[PDB]
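Student: Structure: run.txt, compact mmCIF, C-alpha atoms.
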```txt
# COMPACT_ATOMS: atom_id res chain seq x y z
CA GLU V 1 31.39 -64.45 27.30
CA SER V 2 31.71 -67.01 24.45
CA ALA V 3 30.29 -64.35 22.04
CA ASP V 4 33.21 -61.88 22.64
CA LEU V 5 35.74 -64.76 22.08
CA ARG V 6 34.19 -65.77 18.69
CA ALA V 7 34.33 -62.08 17.69
CA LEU V 8 38.06 -62.10 18.61
CA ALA V 9 38.67 -65.33 16.60
CA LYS V 10 36.89 -63.58 13.64
CA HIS V 11 38.88 -60.28 13.84
CA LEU V 12 42.15 -62.31 14.10
CA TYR V 13 41.17 -64.63 11.18
CA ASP V 14 40.36 -61.61 8.93
CA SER V 15 43.68 -59.83 9.77
CA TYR V 16 45.51 -63.12 9.02
CA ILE V 17 43.84 -63.57 5.57
CA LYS V 18 44.76 -59.91 4.89
CA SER V 19 48.39 -60.11 6.20
CA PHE V 20 49.50 -63.52 4.81
CA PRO V 21 49.21 -64.01 1.03
CA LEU V 22 49.74 -67.83 0.88
CA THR V 23 47.46 -69.42 3.51
CA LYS V 24 47.40 -73.06 4.65
CA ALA V 25 44.22 -73.29 2.47
CA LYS V 26 45.95 -72.49 -0.88
CA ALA V 27 49.14 -74.33 0.27
CA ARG V 28 47.27 -77.64 0.85
CA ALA V 29 45.40 -77.15 -2.48
CA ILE V 30 48.78 -76.73 -4.32
CA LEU V 31 50.49 -79.59 -2.42
CA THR V 32 47.59 -81.99 -3.32
CA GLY V 33 47.38 -81.06 -7.05
CA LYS V 34 43.74 -80.26 -6.08
CA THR V 35 44.31 -76.58 -7.08
CA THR V 36 43.67 -77.71 -10.70
CA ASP V 37 45.98 -74.76 -11.53
CA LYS V 38 49.60 -74.58 -12.71
CA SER V 39 51.81 -76.93 -10.62
CA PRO V 40 54.97 -75.53 -9.00
CA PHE V 41 58.41 -75.86 -10.62
CA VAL V 42 60.09 -78.69 -8.61
CA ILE V 43 63.69 -78.06 -7.40
CA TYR V 44 65.31 -81.44 -6.59
CA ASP V 45 68.95 -80.77 -7.60
CA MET V 46 71.59 -78.30 -8.83
CA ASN V 47 70.32 -78.26 -12.46
CA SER V 48 66.59 -77.97 -11.58
CA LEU V 49 67.65 -75.08 -9.28
CA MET V 50 69.31 -73.02 -12.10
CA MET V 51 66.51 -73.84 -14.60
CA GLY V 52 64.14 -72.65 -11.82
CA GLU V 53 65.42 -69.01 -11.59
CA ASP V 54 62.56 -67.95 -14.00
CA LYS V 55 59.78 -68.93 -11.49
CA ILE V 56 61.83 -67.75 -8.42
CA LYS V 57 63.00 -64.33 -7.09
CA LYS V 58 77.73 -67.13 -5.75
CA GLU V 59 77.75 -70.66 -4.22
CA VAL V 60 74.50 -72.70 -4.29
CA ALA V 61 74.21 -73.28 -0.49
CA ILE V 62 75.22 -69.59 0.03
CA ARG V 63 72.66 -68.54 -2.63
CA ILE V 64 69.83 -70.69 -1.15
CA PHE V 65 70.56 -69.51 2.44
CA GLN V 66 70.66 -65.81 1.35
CA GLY V 67 67.47 -66.13 -0.79
CA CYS V 68 65.62 -67.43 2.30
CA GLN V 69 66.78 -64.10 3.86
CA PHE V 70 64.49 -62.08 1.51
CA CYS V 71 61.63 -64.49 2.39
CA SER V 72 62.28 -64.23 6.17
CA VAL V 73 62.32 -60.40 5.81
CA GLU V 74 58.96 -60.27 3.98
CA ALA V 75 57.61 -62.74 6.62
CA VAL V 76 58.77 -60.45 9.50
CA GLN V 77 56.94 -57.59 7.68
CA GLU V 78 53.71 -59.65 7.27
CA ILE V 79 53.93 -60.87 10.92
CA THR V 80 54.59 -57.27 12.15
CA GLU V 81 51.53 -56.02 10.17
CA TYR V 82 49.57 -58.92 11.74
CA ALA V 83 50.66 -58.24 15.38
CA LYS V 84 49.46 -54.59 15.00
CA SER V 85 45.91 -55.93 14.40
CA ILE V 86 46.00 -58.03 17.65
CA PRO V 87 43.65 -55.95 19.86
CA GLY V 88 45.62 -54.05 22.55
CA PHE V 89 49.06 -54.95 21.08
CA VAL V 90 49.87 -51.45 19.66
CA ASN V 91 48.72 -49.78 22.94
CA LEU V 92 51.64 -51.58 24.69
CA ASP V 93 54.97 -49.86 25.45
CA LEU V 94 56.69 -49.69 22.02
CA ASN V 95 59.78 -51.30 23.65
CA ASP V 96 57.56 -54.28 24.63
CA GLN V 97 56.07 -54.56 21.07
CA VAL V 98 59.67 -54.75 19.71
CA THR V 99 60.64 -57.41 22.32
CA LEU V 100 57.54 -59.60 21.68
CA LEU V 101 58.19 -59.43 17.90
CA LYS V 102 61.97 -59.98 18.26
CA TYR V 103 61.40 -63.31 20.14
CA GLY V 104 58.10 -64.14 18.36
CA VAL V 105 58.57 -63.84 14.58
CA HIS V 106 60.86 -66.90 14.21
CA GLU V 107 58.47 -69.13 16.23
CA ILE V 108 55.66 -67.95 13.84
CA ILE V 109 57.87 -68.39 10.73
CA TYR V 110 58.35 -72.10 11.68
CA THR V 111 54.65 -72.43 12.62
CA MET V 112 53.45 -71.10 9.21
CA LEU V 113 56.33 -72.72 7.24
CA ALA V 114 54.75 -76.05 8.34
CA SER V 115 51.58 -75.01 6.40
CA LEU V 116 53.83 -75.04 3.25
CA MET V 117 55.47 -78.44 4.00
CA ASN V 118 54.88 -82.16 3.57
CA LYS V 119 57.31 -85.05 4.23
CA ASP V 120 58.95 -84.56 0.76
CA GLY V 121 59.49 -80.79 0.44
CA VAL V 122 58.30 -77.23 0.96
CA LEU V 123 56.54 -74.70 -1.28
CA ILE V 124 58.62 -71.62 -2.10
CA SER V 125 58.01 -68.23 -3.78
CA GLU V 126 54.29 -68.14 -2.78
CA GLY V 127 53.55 -71.74 -3.83
CA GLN V 128 54.98 -71.48 -7.40
CA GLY V 129 58.15 -73.41 -6.46
CA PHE V 130 58.57 -76.70 -4.55
CA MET V 131 62.05 -77.47 -3.19
CA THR V 132 62.58 -81.08 -2.07
CA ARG V 133 63.61 -82.03 1.47
CA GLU V 134 66.33 -84.36 0.07
CA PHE V 135 67.89 -81.60 -2.08
CA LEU V 136 68.03 -79.43 1.11
CA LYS V 137 69.80 -82.15 3.14
CA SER V 138 71.95 -82.60 -0.04
CA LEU V 139 73.50 -79.11 0.63
CA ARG V 140 77.05 -78.87 2.07
CA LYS V 141 77.54 -78.49 5.87
CA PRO V 142 76.74 -76.41 7.74
CA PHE V 143 73.88 -75.71 5.24
CA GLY V 144 72.62 -79.34 5.02
CA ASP V 145 71.29 -79.23 8.64
CA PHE V 146 69.40 -75.89 8.36
CA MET V 147 65.88 -76.87 7.16
CA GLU V 148 65.82 -80.49 8.47
CA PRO V 149 64.70 -79.48 12.03
CA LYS V 150 61.80 -77.46 10.46
CA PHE V 151 60.72 -80.48 8.34
CA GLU V 152 60.80 -82.52 11.60
CA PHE V 153 58.56 -80.02 13.49
CA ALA V 154 56.19 -79.56 10.49
CA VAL V 155 55.36 -83.31 10.17
CA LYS V 156 54.42 -83.65 13.88
CA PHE V 157 52.69 -80.21 13.83
CA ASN V 158 50.64 -80.81 10.63
CA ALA V 159 49.22 -83.95 12.37
CA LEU V 160 46.85 -81.72 14.45
CA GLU V 161 45.15 -80.82 11.11
CA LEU V 162 44.78 -77.15 12.22
CA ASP V 163 43.32 -74.69 9.70
CA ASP V 164 43.85 -70.99 8.99
CA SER V 165 41.27 -69.89 11.62
CA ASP V 166 42.94 -71.99 14.38
CA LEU V 167 46.43 -70.79 13.30
CA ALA V 168 45.31 -67.10 13.39
CA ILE V 169 44.67 -67.30 17.19
CA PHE V 170 47.64 -69.65 17.82
CA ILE V 171 49.99 -67.11 16.09
CA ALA V 172 48.56 -64.31 18.30
CA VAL V 173 49.06 -66.46 21.45
CA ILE V 174 52.75 -66.93 20.51
CA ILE V 175 53.39 -63.17 20.01
CA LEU V 176 51.76 -62.16 23.36
CA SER V 177 54.20 -64.33 25.43
CA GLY V 178 54.66 -62.49 28.76
CA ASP V 179 57.88 -64.46 29.50
CA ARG V 180 60.04 -62.87 26.77
CA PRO V 181 63.46 -61.70 28.02
CA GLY V 182 63.41 -57.93 28.61
CA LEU V 183 59.70 -57.12 28.88
CA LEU V 184 59.24 -53.89 30.87
CA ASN V 185 55.56 -54.55 31.69
CA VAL V 186 54.46 -58.22 31.64
CA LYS V 187 50.95 -57.82 33.09
CA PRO V 188 49.04 -56.10 30.21
CA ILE V 189 50.77 -58.58 27.79
CA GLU V 190 49.52 -61.48 30.00
CA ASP V 191 46.04 -59.88 30.10
CA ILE V 192 45.83 -60.10 26.27
CA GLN V 193 47.34 -63.63 26.08
CA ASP V 194 44.77 -64.87 28.66
CA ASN V 195 41.99 -63.65 26.32
CA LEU V 196 43.72 -65.14 23.24
CA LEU V 197 44.18 -68.50 25.00
CA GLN V 198 40.46 -68.46 25.92
CA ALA V 199 39.54 -67.59 22.28
CA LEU V 200 41.88 -70.39 21.02
CA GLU V 201 40.33 -73.03 23.35
CA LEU V 202 36.78 -72.04 22.25
CA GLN V 203 37.85 -72.08 18.54
CA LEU V 204 39.44 -75.55 18.97
CA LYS V 205 36.31 -76.97 20.70
CA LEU V 206 34.02 -75.54 17.95
CA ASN V 207 36.13 -76.23 14.81
CA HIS V 208 37.30 -79.70 16.03
CA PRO V 209 34.46 -81.03 18.26
CA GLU V 210 35.57 -84.66 17.58
CA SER V 211 39.26 -83.75 18.24
CA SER V 212 39.78 -83.63 22.03
CA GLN V 213 42.57 -81.91 24.05
CA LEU V 214 43.76 -80.40 20.76
CA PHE V 215 44.13 -77.21 22.88
CA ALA V 216 46.43 -79.09 25.34
CA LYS V 217 48.34 -80.76 22.46
CA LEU V 218 48.92 -77.37 20.76
CA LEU V 219 50.32 -75.65 23.93
CA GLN V 220 53.09 -78.28 24.27
CA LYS V 221 54.21 -77.48 20.66
CA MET V 222 54.80 -73.82 21.71
CA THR V 223 57.75 -75.44 23.57
CA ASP V 224 58.99 -77.46 20.54
CA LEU V 225 59.00 -74.08 18.71
CA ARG V 226 61.38 -72.36 21.17
CA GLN V 227 63.98 -75.14 20.78
CA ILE V 228 63.79 -75.22 16.95
CA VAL V 229 64.45 -71.44 17.37
CA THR V 230 67.45 -71.58 19.78
CA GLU V 231 68.90 -74.46 17.70
CA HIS V 232 68.38 -72.18 14.65
CA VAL V 233 70.13 -69.15 16.27
CA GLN V 234 73.18 -71.35 17.10
CA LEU V 235 73.47 -72.64 13.49
CA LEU V 236 73.51 -68.97 12.38
CA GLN V 237 76.15 -68.18 15.05
CA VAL V 238 78.27 -70.97 13.47
CA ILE V 239 77.94 -69.90 9.80
CA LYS V 240 78.30 -66.19 10.68
CA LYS V 241 81.76 -67.32 11.96
CA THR V 242 82.71 -70.04 9.38
CA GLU V 243 81.30 -68.18 6.29
CA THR V 244 82.14 -64.43 6.16
CA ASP V 245 81.43 -63.64 2.50
CA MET V 246 77.78 -63.93 3.63
CA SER V 247 75.70 -60.81 4.36
CA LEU V 248 73.05 -61.08 7.08
CA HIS V 249 70.10 -58.82 6.19
CA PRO V 250 69.95 -55.71 8.42
CA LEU V 251 66.44 -56.60 9.73
CA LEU V 252 67.49 -60.23 10.45
CA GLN V 253 70.58 -58.77 12.19
CA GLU V 254 68.44 -56.48 14.47
CA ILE V 255 66.40 -59.57 15.51
CA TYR V 256 69.07 -62.27 16.10
CA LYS V 257 71.50 -59.92 18.00
CA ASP V 258 70.97 -59.89 21.81
CA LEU V 259 68.90 -63.12 21.34
CA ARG H 1 68.60 -50.01 18.69
CA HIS H 2 65.76 -51.66 16.64
CA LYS H 3 65.22 -48.91 14.06
CA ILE H 4 63.72 -51.11 11.28
CA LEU H 5 61.39 -52.84 13.82
CA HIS H 6 60.49 -49.50 15.56
CA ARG H 7 59.81 -48.20 12.02
CA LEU H 8 57.81 -51.27 10.83
CA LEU H 9 55.76 -50.96 14.06
CA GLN H 10 55.21 -47.15 14.05
CA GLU H 11 54.95 -46.96 10.17
```
Would you give me this structure, written as structure tokens?
Tutor:
Amino acid sequence: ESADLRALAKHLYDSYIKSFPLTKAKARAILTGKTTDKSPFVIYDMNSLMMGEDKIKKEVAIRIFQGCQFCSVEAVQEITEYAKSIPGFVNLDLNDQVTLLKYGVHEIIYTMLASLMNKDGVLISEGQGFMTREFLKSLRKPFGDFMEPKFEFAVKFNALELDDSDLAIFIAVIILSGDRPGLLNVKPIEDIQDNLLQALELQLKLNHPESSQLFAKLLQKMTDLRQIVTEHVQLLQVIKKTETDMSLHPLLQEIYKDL
Amino acid sequence: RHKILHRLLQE
């Protein structure tokens, strides 16, 4: 019934608060100055970048791209911790869990990245940096076209004014996608996603009673996500070829290969 | 095959 679906939205929301340190809540506080706490160090150019190293953790584009690698890796670890709390996920065939995560974590990275973005830039190092969108375009090809698709998604996506408790179910719906290439056993995956989709719809009716067909609007964006992902994998294919001083992190390499 | 993922999962 409706009761069991609110319980599921609650379990998911709690796991999400526990698994993800910088939530959309904090991120909007920071981005609005409404935190009334220490503003982030703004990185708008080459000099601001190198002055910034104190609040952050050989070529600039190559250094930016490879620093995002450590962030991606800690994201994959947070998202993997999170998936394990999705009821019935860990009881799946371990080979299915790996496949769902492999195809899922980048779609969730771009989903949650949008929480940290406005039209002008994106929070970095857990909200204590803010790197400008223009500075990121300012990078040298093929690095100047890396974050611009994500800024483009984030501005349309942030329109739906979702909050952490909507995103917690939405994330879980993305992971439990029964149509991932290579799934040994689709049905029990689709059983869980059916429940999650029902929980998401309830949550969206309750938390946004004025907002209408937010549920429908949000399922079409799960498509926008897959293309920002395939576009992303190609741009890596290119720079893995054109730039071979660069090291791809082992974990990132496990994911993107056979994708 | 996916030894870091297998390991993050089964951790």
Student: Report the distance between CA of residue 114 (chain V) and CA of residue 171 (chain V) in Å, rounded to one decimal place.
Tutor: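 Those two atoms sit 12.8 Å apart.
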Student: Which polymer residues have any atom within 8 Å of an atom of residue 6 (chain H), counting all atoms listed in the file, with same-chain residues fewer than 3 positions away left out, as a ChimeraX atom specification?
Tutor: /V:94,98 /H:2-3,9-10
Student: Hey, list the chain V side of the contact with chain H: 7 Å cut-off, only C-alpha atoms, answer as a count of residues only.
Tutor: 4
Student: Do you know which residues are at most 6 Å from residue 168 (chain V) counting all atoms listed in the file, after dropping those on the same chain fewer than 5 positions away, and could you put them as a ChimeraX atom specification?
Tutor: /V:12-13,16
Student: Output the selection as a PDB file, in the frame of the given file - C-alpha atoms for each residue.
Tutor:
```
ATOM      1  CA  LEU V  12      42.150 -62.310  14.100  1.00  0.00           C
ATOM      2  CA  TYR V  13      41.170 -64.630  11.180  1.00  0.00           C
ATOM      3  CA  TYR V  16      45.510 -63.120   9.020  1.00  0.00           C
TER       4      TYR V  16
END
```
Student: Have a look at CA of residue 5 (chain V) and CA of residue 198 (chain V) and let me know their distance in Å, one decimal.
Tutor: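 That distance, rounded to one decimal, is 7.1 Å.
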Student: Between V:100, V:197, V:172, V:131, single out the one closest to residue 42 (chain V), counting all atoms listed in the file.
Tutor: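 For residue 42 (chain V), the nearest of the candidates is V:131.
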Student: Just give me the gap between CA of residue 151 (chain V) and CA of residue 37 (chain V) in Å, one decimal is fine.
Tutor: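 Separating CA of residue 151 (chain V) from CA of residue 37 (chain V) is a distance of 25.4 Å.
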Student: Have a look at V:200, V:92, V:246, V:124 and name the one nearest to residue 55 (chain V); count all atoms listed in the file.
Tutor: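 For residue 55 (chain V), the nearest of the given residues is V:124.
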Student: I need the residue nearest residue 52 (chain V) from this list: V:129, V:105, V:203, V:7. Use only C-alpha atoms for the distance.
Tutor: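 Using only C-alpha atoms, the shortest distance to residue 52 (chain V) belongs to V:129.
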Student: Using all atoms listed in the file, which residue out of V:193, V:227, V:132, V:234 lies closest to residue 173 (chain V)?
Tutor: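 Using all atoms listed in the file, residue 173 (chain V) sits closest to V:193.
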Student: Ranking V:30, V:183, V:90, V:214 by minimum distance to residue 130 (chain V) and counting all atoms listed in the file, which one comes first?
Tutor: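 Checking each of V:30, V:183, V:90, V:214 against residue 130 (chain V), counting all atoms listed in the file, the winner is V:30.
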Student: Grab all the atoms of region 20-32 of chain V that the file lists, wrap them in a box along x, y and z, add 4 Å per side, and give me centre plus edge lengths in Å (one decimal) as lines of an AutoDock Vina configuration file.
Tutor:
```
center_x = 47.4
center_y = -72.8
center_z = 0.2
size_x = 14.3
size_y = 26.5
size_z = 17.1
```
Student: Using only C-alpha atoms, collect all residues at a distance of at most 8 Å from (60.5, -52.3, 26.2) as written in the file, then present them as a VMD selection string.
Tutor: chain V and resid 93 to 99 182 to 185
Student: Could you please take those selected residues and save C-alpha atoms as an mmCIF file, in the coordinates of the input?
Tutor:
```cif
data_model
loop_
_atom_site.group_PDB
_atom_site.id
_atom_site.type_symbol
_atom_site.label_atom_id
_atom_site.label_comp_id
_atom_site.auth_asym_id
_atom_site.auth_seq_id
_atom_site.Cartn_x
_atom_site.Cartn_y
_atom_site.Cartn_z
ATOM 1 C CA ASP V 93 54.970 -49.860 25.450
ATOM 2 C CA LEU V 94 56.690 -49.690 22.020
ATOM 3 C CA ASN V 95 59.780 -51.300 23.650
ATOM 4 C CA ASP V 96 57.560 -54.280 24.630
ATOM 5 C CA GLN V 97 56.070 -54.560 21.070
ATOM 6 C CA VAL V 98 59.670 -54.750 19.710
ATOM 7 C CA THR V 99 60.640 -57.410 22.320
ATOM 8 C CA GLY V 182 63.410 -57.930 28.610
ATOM 9 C CA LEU V 183 59.700 -57.120 28.880
ATOM 10 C CA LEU V 184 59.240 -53.890 30.870
ATOM 11 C CA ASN V 185 55.560 -54.550 31.690
#
```
